[PDB]
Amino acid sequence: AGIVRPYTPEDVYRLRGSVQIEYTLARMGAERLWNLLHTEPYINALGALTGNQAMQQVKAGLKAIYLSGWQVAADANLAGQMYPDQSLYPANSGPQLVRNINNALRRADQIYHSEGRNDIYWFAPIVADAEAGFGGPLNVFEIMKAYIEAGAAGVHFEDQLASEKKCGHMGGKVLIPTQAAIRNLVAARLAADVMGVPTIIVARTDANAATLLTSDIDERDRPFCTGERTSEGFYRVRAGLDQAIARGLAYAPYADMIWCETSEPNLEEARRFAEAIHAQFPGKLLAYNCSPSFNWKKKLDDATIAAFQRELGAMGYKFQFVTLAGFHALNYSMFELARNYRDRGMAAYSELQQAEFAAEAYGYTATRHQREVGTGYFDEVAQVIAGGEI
């Protein structure tokens, strides 16, 4: 409400088989995510690419987890390859990682519970990158169901061509027609309705920077056409906020939350986009990529950097995420330790250990690595198994 479903309950009933399988984590996740998005000033989250990263995010009091397809491409995909962000990896990598994260969170819940603690809420909703769906609408249908099986709370889909898909901050992005992008959003809602789960659907547009379109088939896209075509037969279009706004407005009836990929953290741009959407869709949830490909200190003065998320929240950007935080934290911390260890050996490692001891003041516990991974929990299991007679 007011979401459009261009199909009937009977359509859903015919396609869902005779038995309904319960997806507890996906149901909890979507419920909690939807409450949070309507009750908080905003939700801020960071990219996680391992169960331990996502565990520390929750442990530090973040209320949501972001699963980045870019990070999956780089360091956590089922091909075990390092890829750039071009949908090169196996389409089940993302859902598999969402499962691993929920497994880590479930183990944390088990540790804290076995010690009589409930001070951390471990089951933070996961919002997951489905890219451009790894082909057509049936591929979208499958990745959506896989994410619900894995326990994702929300899933995002973008209007780039899957076969030539790119990082949101790479040149030469290719839009698919408006009607094709809406068909993907309908495929995603159909997958959620078939699984019987109120999963959040985020519609991303790449139309802010995208200067190429696959097909002139859709009347709604032709106004942006220049009349040039390329060797490949792509149509040249006028990228910018007018194209982004068009797509945003076309997708709003079919998605819970709208996201404009941005080439620069610009609050005036953000406000103009927000006001354009809310003019036709009052109160529509928006999402904002706080991109690590932005040089925050070079673009913004300290006051704006500190105010940025709060300002974005007041405009309607209720979900704000640093997509590549996990990559940067992982690569930075190992490089820095490695570079110092090369020269100074155990002095370099003692420096990290001392940083860990300092963070214990703020609830960090992984310095005590044996307890952190569940050694205490499995020792309680062993003792129950060994405990009673015969």
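Residue numbers run from 1 along the displayed sequence.
Stretch with the greater mean C-alpha B-factor as recorded in the entry, comparing 341 to 349 against 61 to 69: Mean C-alpha B-factor is greater for 341 to 349.
83 to 91 versus 237 to 245 - greater average Cα B-factor per the deposited record: Of 83 to 91 and 237 to 245, the stretch with the higher C-alpha B-factor average is 237 to 245.
Among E142, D109, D218, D129 - the residue whose C-alpha B-factor is largest in the record: Highest C-alpha B-factor among the listed options: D218.
Selection by C-alpha B-factor (highest) of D193, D75, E158, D301: Out of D193, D75, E158, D301, the record gives the largest C-alpha B-factor to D301.
Among modelled residues of the same chain, the CA temperature factor third for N52: As the PDB entry reports it, the C-alpha B-factor of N52 lands in the lowest third of its chain.
For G136, the third of its chain into which the C-alpha B factor falls: Middle third of the chain for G136's C-alpha B-factor.
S293 - which third its CA temperature factor falls in, relative to the rest of the chain: It belongs to the highest third of the chain when residues are ordered by C-alpha B-factor.
Chain-relative CA temperature factor third for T39: Ranked within chain, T39 CA B lands in the highest tercile.
Lowest, middle or highest third - CA B-factor, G168: It falls in the top third of the chain.
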